[PDB]
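>
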Amino acid sequence: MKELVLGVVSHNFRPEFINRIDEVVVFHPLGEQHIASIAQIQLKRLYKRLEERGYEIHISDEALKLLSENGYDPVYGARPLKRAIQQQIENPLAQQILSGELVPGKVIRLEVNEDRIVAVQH
Amino acid sequence: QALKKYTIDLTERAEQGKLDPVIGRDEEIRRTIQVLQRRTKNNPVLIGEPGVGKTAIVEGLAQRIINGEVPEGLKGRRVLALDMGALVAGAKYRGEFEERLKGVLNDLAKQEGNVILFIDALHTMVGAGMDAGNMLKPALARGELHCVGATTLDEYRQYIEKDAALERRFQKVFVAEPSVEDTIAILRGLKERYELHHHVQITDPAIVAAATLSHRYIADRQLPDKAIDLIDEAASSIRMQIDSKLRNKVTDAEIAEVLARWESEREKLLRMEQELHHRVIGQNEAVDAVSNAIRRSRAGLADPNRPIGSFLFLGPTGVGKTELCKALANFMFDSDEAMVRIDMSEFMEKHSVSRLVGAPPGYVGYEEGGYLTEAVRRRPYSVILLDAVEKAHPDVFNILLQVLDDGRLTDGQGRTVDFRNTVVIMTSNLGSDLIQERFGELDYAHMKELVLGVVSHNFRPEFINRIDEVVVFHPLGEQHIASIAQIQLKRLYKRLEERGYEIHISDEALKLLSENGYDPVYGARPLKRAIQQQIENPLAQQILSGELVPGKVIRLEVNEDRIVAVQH
Amino acid sequence: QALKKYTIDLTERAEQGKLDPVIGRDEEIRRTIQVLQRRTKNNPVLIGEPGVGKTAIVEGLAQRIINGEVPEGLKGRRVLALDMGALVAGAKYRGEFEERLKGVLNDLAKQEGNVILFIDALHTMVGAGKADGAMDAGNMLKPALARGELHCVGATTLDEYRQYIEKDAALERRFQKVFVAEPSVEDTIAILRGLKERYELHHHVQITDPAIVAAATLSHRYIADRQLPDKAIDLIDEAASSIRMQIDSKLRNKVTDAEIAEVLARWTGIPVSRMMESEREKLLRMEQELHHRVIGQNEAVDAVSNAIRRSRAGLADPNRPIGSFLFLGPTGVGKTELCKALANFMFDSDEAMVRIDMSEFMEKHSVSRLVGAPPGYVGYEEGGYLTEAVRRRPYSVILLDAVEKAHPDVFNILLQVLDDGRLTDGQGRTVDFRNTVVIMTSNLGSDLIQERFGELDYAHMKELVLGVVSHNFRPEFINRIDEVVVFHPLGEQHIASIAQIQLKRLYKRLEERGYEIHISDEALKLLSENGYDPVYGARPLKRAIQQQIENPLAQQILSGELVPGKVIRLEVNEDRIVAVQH
Amino acid sequence: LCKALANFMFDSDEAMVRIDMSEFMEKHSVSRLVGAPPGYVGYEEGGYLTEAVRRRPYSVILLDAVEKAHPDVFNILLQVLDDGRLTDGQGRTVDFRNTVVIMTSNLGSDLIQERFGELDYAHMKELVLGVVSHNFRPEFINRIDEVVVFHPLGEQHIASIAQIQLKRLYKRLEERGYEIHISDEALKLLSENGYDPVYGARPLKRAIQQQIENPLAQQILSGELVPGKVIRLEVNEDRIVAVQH
Amino acid sequence: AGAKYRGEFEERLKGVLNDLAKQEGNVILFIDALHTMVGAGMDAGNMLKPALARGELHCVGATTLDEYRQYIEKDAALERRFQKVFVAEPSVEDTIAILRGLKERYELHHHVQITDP
Ligand SMILES: Nc1ncnc2c1ncn2[C@@H]1O[C@H](COP(=O)(O)OP(=O)(O)OP(O)(O)=S)[C@@H](O)[C@H]1O
Ligand SMILES: Nc1ncnc2c1ncn2[C@@H]1O[C@H](COP(=O)(O)OP(=O)(O)OP(O)(O)=S)[C@@H](O)[C@H]1O
Ligand SMILES: Nc1ncnc2c1ncn2[C@@H]1O[C@H](COP(=O)(O)OP(=O)(O)O)[C@@H](O)[C@H]1O
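Protein chains in written order, with this note's numbering: chain A, 1 to 122; chain B, 123 to 690; chain C, 691 to 1272; chain D, 1273 to 1517; chain E, 1518 to 1634.
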């Protein structure tokens, strides 16, 4: 693969220009568990943003599997997962918070529907 | 006077005789007399590269005036010279160029036209912010101006041939660079002045040696400027050698010292087989063929409209084919950097030709230019490298026939790209297994003839007609490629000794390194990358942990299947 | 006063008579007077292309004022050549230029309608006082212009008019356009007959009046740089200085038309020079000199000899080029050799010419490579290669080789070329091809020529190959050809003579190397046996000479075998050719 | 005919706007007739055409070899023949309502050499106008006022052309100084040596060129002829030579 | 600093140049920033240019290659009195030797000591 893409860049560029590269390196699509780990990272920064808002959030691992099965295809990149997170978490959450409903202090548990994600206040 | 502000009298010092006894360039002085003795348009201009003695032309005209060697209309004149570099650099705001300019014009109107002015850099007069074409162009047509212009043809047609009204007054006088023998004649006219200055003598064989070597090796400044510079600085060096704490005659040895610092040509051409085996092992017959072709090109019997040598290369790639081209460029002209690697694998169409030679105007790759010819224009003494020439479109071979016939090639942009100073290397691998499988005990010549017949059935016969010699590039054995791996280990140890580490090796480790990436099908660079990736990566892993110390003996001892580094 | 500081009285100079006699220009001076006697916008501007005599119109008007040959309203006036450099120069302070210009304008109002103002370089008056927040001269003159109370006279080039005045319409309508055309030949001869007295008083020499009419005639025909009368005046002046230095340095005392031709040939090198007996015996030995390099192929030598003689003999078709040719023959019969022979005859060099091989142009759009690219596109500011290569040195030879390779519609360009010698590059200026020779080569009926050059006349062979050419080209294009010639395969005697020529240039280059070398005629016979075929001609002789001479001889020179001064006979081996050292 | 128009109208042969479409073989060169649009390379130079009609409006536009161009260049001339206003790259209009627009082509000259006989002028104009309708669009050809048809030149016209070219030859040679006569039979040799009804008048001219000027330039450059002599173009059995009397 | 007239600073410059002509080659001068003498504000560079082109100047210049290339080489008489005498950057070891030349200077000023490692 490195040899063939090196031939491709040789079709693109000067030949001895790309000899001066430190190394022709390859980035690639990624596997299943990497998606779940980086989704946990994005959930962590979401927790940080809403803790700076003043809100504290618990998640279901079922909801993590819902995210990992909804915002998934290696064929494009990461940001389908990012806007899947964005939509399916924040949009009901922005519906609930600007409603003036969520009192701080109560745990924002990311419960699930059959497909969607619900935040409750018990 | 305002003449005591920006003008220089040369009839002053020439009446004193205190200028250069200018010898040569008589015809340019004659045409200056032709323009200056007209009734109108009496402002000649001198055209040439800077440093051709145009100031000396004006001063020699002044000396002919003082000597009375001029006709009776040039007499009583005063040679003047105006600055074009202070009328603008002093000019802060509106009208300080023009104020000084009109002051000069009126104070020369007091002089009543008995004054000849010099002006260099006529291009500077056009653009200074309007400025002076609109104020000298009347005096250019009034005839009361007696200017002497001096610039170069390229700035002349870039700036000055725009406005034809400025063009119609000045009269072009081409002052080219003088020859080596004209330089000899001028310096023999000026050896007396040097030897009366430093109270020494001058070797005239060292003069002609300085002229020849200054013409050959250095092209920064030109004749006669560089010869004056080298003679005066070498005379200064000899003067310091005399007055340090012994010869008065400056020798050509000091000329060569100031030449290289501030001769190995002919026998290096004669010993070119040893030169090719200075860095490349194996391919002895190919070395002999290349060296004989180089010497025959330097023999001076072939066509002066044809290049150094026409070549086609065959055999297994990567074994040192490119390395041969690198060492050939090194001991041919300079170094390992005058070469252009070109894959003919890409070019298979008509717009392939439009890429490689040059686009027609109005199209996609035009001032991006041709892939070959622009790189030739940048490096006029190089070696042209081609790769997989069998993968070319057939009309590219018409361009190749133009190369091997005329030694020149009009690009898409429309100019001349000379080829009589490079080496056409074209590499292929059509008769690969004919040489690889029959490497054993078959000669160089009949294998060459056999694969020559094969490629004759492959390529065009008129194409390979122009080829001087096709070397074989027989597959090197394990000992030659092992020795090349040893040389790579030597330069590796050289760079690590630049880093500063005493490093040894096991011979079994050397055998395993030689047997990492040995392959007759691909080339030597698999062995290179194999040894590279095996050694280099765990090395720095051991280093930056804080294990290795500069000065410790590092034997590359073997593991069972690996190589371990020790610190002893 | 302020008029003394910044204006120059031309009428006082013509009162001293220190200005040039101006003859002609009657409708131009009359319309200038008609504009100068008006009520609003009195101001004529001499739009004329650079160097047709525009300053001299106003100078002749000043002389007609001094002589009193004007209407009564202009008798006693003063023409003041206004200076712009006198006004810009002293003012880096704010308002100091406007101070000067307003003081000048108040003086011109004070002069009660008696001063005619002349402003040379009106385009210098446009960008005059352009300091940061400053009026130019336009914003200050512009009141007094269109109240009629200033009698300005402009004098500008037409290209300066477009950029510097038509960009500013306000000052552009304040004047009155006076087109001042370049004069025709006969009136320019009349003007030069007027100006003979000045140059006779200057250089103390005389001028042939046939040399004057020849200078005007050849200047209008051949020089395309400058414009009349400027180029002819410069011819006469430079000839006068040349005659003055021929007398004064080390013969004659006048300026003949041969001196005009020598000036023109020194300036470019179009061979207008009269047939001196060296040149004329050279030209009568045309075919003899062409067979000093090209053996055989007599008929094209005859045709091109005829064409160049008709060119040099003053029988040139003054619109078509010198010779519009077409070469036809099989591969390797020295067509390019004949073209290099013409270049060597004409210019003492083979590659003092332009060869453009049309095998490079197998696509259509390389038309734009040789004629240029339009405004807007990429290579606009460079020109076409062919047009520029002519535009430097118009007297040259334009060679097109391998004409069957290109697309058929490249040859509308050469329709223009062989109709008038005119070609219009991408910037849009004409390039005169009236001093060019166009040679086109192909290998169309090479099978037919190799088949039927025997047992056939030259004429019906030319007929049949012309039929083949009409199968190839357009009927428009082949009408433009002066003559189509037919080549033929050579006999072995021609190739032996070519081998003799190669031995001559070889011995020349080896005397340059410094070796006295001879050859056995048996070796010449072996070389004639080697590089011979009727199908390909002498390119097999080229490669045979190449290999069997350049490899062993240069190999033995570098072997230290060949000592200079030794007689070196190139004798034969059993199958090869051996050098000896005797 | 167009240069004769220039000679009548301006007392001058080569004073006309000759923009030959034989360079304009692409849709590109519309730019080089109406200048580059703003921001591009030769913007401040304008069109070649609209500048040189803004200088002198009363002139002749000449478009020789008009069919060679890419067929959608003529839309410029849709404007020129509808109103005679053209808009170059600098936005301004150059008013062509005094210009004399002339176009010359040979779109059916095989058919015109084939059938100018045995058909009248009207049906020939009809059929060649059908051919031009196959080569142009109805937009363009509806603008042209008169589309004439030209026929080739028979022997009388060839004799007249030979006389005019020998007039300009003698007119050149008068400044060379050699008043030369001719045999009246030599005119018949030129007619019989210049006659081919498929190429018109130029083979006549180059036959005149060869069969007169090559002995003439041969004998003048021979060091043989002195000015003022009565010189005649007497014939040989096949040649025509110059004699000195 | 001691001049405030257009014709007193220039008077000083003229008098010093006449004294340089008077000393008859014994004085070998140095002036750094020759481009600054070109543009100081008749500017002083063009005032000393007669002392260039009269065979009297024994001065030395000092600048960057940019000002020598632009403000000097592009001038004519200012070119043909000089060379491209290039000041090199020294070595690290030469720098350490020069530091040893002036270690004691800084130590005696600041009352401290400097270690050679
Ligand atoms: N025929 C000659 N006799 C004596 N000295 C000569 C002759 N030709 C050139 N020189 C010297 O060659 C040197 C060339 O310097 P310049 O006159 O400055 O060259 P240039 O042609 O004027 O170009 P630039 O732009 O001024 S460097 C001077 O020192 C001249 O004195
Ligand atoms: N009718 C004429 N009679 C006499 N001399 C003439 C005549 N027309 C032009 N000349 C001369 O032609 C030369 C050039 O004409 P000028 O007017 O000086 O040039 P110009 O008109 O200023 O052109 P530009 O704009 O400066 S490029 C002068 O020497 C005039 O004397
Ligand atoms: N009559 C001749 N005189 C001199 N050289 C000739 C002649 N005929 C052929 N040659 C040689 O043969 C080659 C033919 O050149 P060229 O005219 O380019 O061939 P082509 O006929 O294919 O155009 C030349 O390079 C020349 O060396």
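Ideal Cβ placement from N, Cα and C applies to all residues, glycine included.
To the nearest angstrom, how far is it from the Cα of C:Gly-780 to the Cα of B:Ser-366?
Against the third sequence, residue 780 of chain C aligns to sequence position 90. Against the second sequence, residue 366 of chain B aligns to sequence position 244. One C-alpha to the other measures close to 58 Å.
> What are the boundary residues of the alpha helix (DSSP H) that includes D:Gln-1491?
On the fourth sequence, position 219 is the one that residue 1491 of chain D refers to. Run containing D:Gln-1491: 1486-1492, per the alpha helix (DSSP H) assignment.
> Bridge partners for B:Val-372 per DSSP, in chain order?
Locating residue 372 of chain B in the second sequence gives position 250, counting from the first residue. Bridge partners of B:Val-372: B:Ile-324.
> What residues from chain D crowd round C:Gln-1117, counting only those whose CB sits closer than 8 Å?
Taking the first residue of the third sequence as 1, we reach residue 1117 of chain C at position 427. Neighbours of C:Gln-1117 on chain D, chain order: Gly-1314 and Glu-1317.
> Does B:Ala-411 come out as helix, strand or coil in the three-state DSSP assignment?
Along the second sequence, read from residue 1 onward, the residue named residue 411 of chain B stands at position 289. If DSSP states are grouped into helix, strand and coil, B:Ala-411 belongs with the helices.
> Kindly confirm or deny that the stretch 1334-1344 of chain D and the stretch 1356-1366 of chain D touch, where touching means at least three C-beta pairs closer than 8 Å.
Counting Cβ pairs under 8 Å, fewer than three are found: no touch.
> To the nearest whole angstrom, what separates the beta carbons of C:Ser-932 and B:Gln-156, a pair I think is in contact under 8 Å?
The residue you call residue 932 of chain C lines up with position 242 of the third sequence. The residue you call residue 156 of chain B lines up with position 34 of the second sequence. That pair is a contact at about 6 Å.
> Considering only residues of the same chain and omitting the five flanking positions on each side of residue 71 of chain B, which have a CB-CB separation below 6 Å?
Outside the displayed range of chain B (123 to 690) lies residue 71 of chain B, so it cannot be described from this structure.
> Taking the alpha carbon of C:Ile-1171 as the point to measure from, which residue in C:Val-1159, C:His-1184, C:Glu-1182 and C:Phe-1177 has its own alpha carbon closest?
Indexing the third sequence from 1 puts residue 1171 of chain C at position 481. Among C:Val-1159, C:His-1184, C:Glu-1182 and C:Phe-1177, the Cα nearest to that of C:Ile-1171 belongs to C:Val-1159.
> Taking Cβ-Cβ distances shorter than 7 Å, what residues in chain E pair up with B:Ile-130?
Residue numbering aside, residue 130 of chain B sits at position 8 when the second sequence is read from its first letter. Near B:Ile-130 (Cβ distances below 7 Å), the residues of chain E are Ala-1570.
> Do C:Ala-752 and C:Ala-704 count as a contact pair if the criterion is CB distance below 7 Å?
Residue numbering aside, residue 704 of chain C sits at position 14 when the third sequence is read from its first letter. Residue numbering aside, residue 752 of chain C sits at position 62 when the third sequence is read from its first letter. Closer than 7 Å, so yes.
> Using a C-beta to C-beta distance shorter than 8 Å, which residues of chain C count as neighbours of D:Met-1297?
If you number the fourth sequence from 1, residue 1297 of chain D lands on position 25. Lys-1054, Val-1057, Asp-1099 and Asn-1102, listed in chain order.
> Please report the straight-line C-alpha distance between B:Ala-604 and B:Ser-636, rounded to a whole angstrom.
Position 482 of the second sequence holds residue 604 of chain B. Position 514 of the second sequence holds residue 636 of chain B. Looking at the two C-alpha atoms, the distance is approximately 5 Å.
> Mind listing the chain E neighbours of B:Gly-207? Cutoff is C-beta to C-beta under 7 Å, in chain order.
Locating residue 207 of chain B in the second sequence gives position 85, where the first residue counts as 1. Residues of chain E passing the Cβ test: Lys-1591 and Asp-1592.
> Please specify which runs of the beta strand (DSSP E), each continuous and at least 3 residues long, are wholly inside the stretch 39-78 of chain A, giving them in chain order.
Complete beta strand (DSSP E) runs here, min 3: 57-59.
> Whose Cβ in chain C lies nearer than 9 Å to the Cβ of D:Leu-1488?
For the purposes of this step, residue 1488 of chain D is taken as residue 216 along the fourth sequence, with counting starting at 1. Result: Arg-1000, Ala-1003 and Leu-1005.
> Return yes when the C-beta of C:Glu-979 is under 6 Å from any heavy atom of ligand 3, and no when it is not.
Position 289 of the third sequence holds residue 979 of chain C. Answer for C:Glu-979: no, Cβ out of range of ligand 3.
> Output needed for B:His-602: all residues of its chain with C-beta closer than 8 Å, excluding positions within five of it in sequence on either side, in chain order.
In the second sequence, residue 602 of chain B corresponds to position 480, counting from 1. The residues are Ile-403 and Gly-404.
> Mind listing, in chain order, the continuous alpha helix (DSSP H) runs of no fewer than 4 residues lying wholly within the stretch 552-591 of chain B?
Listed in chain order, the complete alpha helix (DSSP H) runs (minimum 4 residues) inside the stretch 552-591 of chain B are 554-558, 566-580 and 583-587.
> What in chain C is Cβ-close to B:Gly-146, meaning under 7 Å?
For the purposes of this step, residue 146 of chain B is taken as the residue at position 24 of the second sequence. By Cβ distance, chain C contributes nothing, its closest Cβ being about 18 Å from B:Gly-146, past 7 Å.
> Under 6 Å from any heavy atom of ligand 1, does the C-beta of B:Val-144 make it?
Mapped onto the second sequence, residue 144 of chain B falls at position 22. Result yes, Cβ under 6 Å from ligand 1.
> Around the C-beta of C:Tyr-1205, are 16 or more other C-beta atoms found within 10 angstroms, so that it is buried, or is it exposed?
Translated into the one-based positions of the third sequence, residue 1205 of chain C becomes position 515. Classification for C:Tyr-1205: buried.
> Any idea which residues DSSP pairs C:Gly-1013 with across the strands?
Here residue 1013 of chain C refers to the residue found at position 323 of the third sequence. C:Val-1127.
> Verify the CB distance criterion: does D:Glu-1485 have a CB-CB separation below 7 Å to chain C?
Translated into the one-based positions of the fourth sequence, residue 1485 of chain D becomes position 213. Chain C, which has a Cβ nearer than 7 Å to the Cβ of D:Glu-1485, makes this yes.
> Start and end of the beta strand (DSSP E) containing C:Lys-1025?
Walking along the third sequence from the start, residue 1025 of chain C turns up at place 335. From DSSP, C:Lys-1025 is part of no beta strand (DSSP E) but of the alpha helix (DSSP H) over 1025-1037.
> So B:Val-409 and B:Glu-395 are in contact, right, with Cβ under 8 Å, and what is the actual spacing, rounded?
By one-based count along the second sequence, residue 409 of chain B stands at place 287. By one-based count along the second sequence, residue 395 of chain B stands at place 273. With a Cβ gap of about 5 Å, B:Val-409 and B:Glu-395 count as contacting.
> Starting from C:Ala-922 and walking both ways along the alpha helix (DSSP H), at which residues does that stretch end?
Here residue 922 of chain C corresponds to residue number 232 of the third sequence, with the count starting at 1. Start and end: 920-939.
> Please report whether the beta-carbon of D:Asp-1292 lies at a distance below 7 Å from any beta-carbon of chain C.
Within the fourth sequence, residue 1292 of chain D is the residue found at index 20, counting from 1. It does: the Cβ of D:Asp-1292 has a partner Cβ on chain C nearer than 7 Å.
> Does DSSP classify C:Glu-1261 as helix, strand or coil?
Numbered from 1 along the third sequence, position 571 holds the residue referred to as residue 1261 of chain C. Three-state result, C:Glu-1261: strand.
> What residues in the stretch 1129-1163 of chain C have a beta carbon less than 9 Å from any beta carbon of chain G?
You won't find chain G in this structure, because its protein chains are A, B, C, D and E.
> Quick check: what's the CA-CA separation for D:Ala-1337 versus D:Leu-1273?
If you number the fourth sequence from 1, residue 1337 of chain D lands on position 65. If you number the fourth sequence from 1, residue 1273 of chain D lands on position 1. About 14 Å.
> Could you tell me whether the Cβ of D:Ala-1308 comes closer than 7 Å to any Cβ of chain C?
Counting from one through the fourth sequence, the residue named residue 1308 of chain D turns up at place 36. So, interface residue.
> For B:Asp-509, does the three-state DSSP call read helix, strand or coil?
Taking the first residue of the second sequence as 1, we reach residue 509 of chain B at position 387. DSSP places B:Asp-509 in strand when its eight states are reduced to three.
> The beta strand (DSSP E) spanning B:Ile-464 covers which residue range?
As a position in the second sequence, residue 464 of chain B is number 342, starting the count at 1. First-last of the beta strand (DSSP E) with B:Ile-464: 461-465.
> Any heavy atom of ligand 3 closer than 6 Å to the beta-carbon of C:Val-1023?
Numbered from 1 along the third sequence, position 333 holds the residue referred to as residue 1023 of chain C. Indeed, a heavy atom of ligand 3 lies less than 6 Å from the Cβ.
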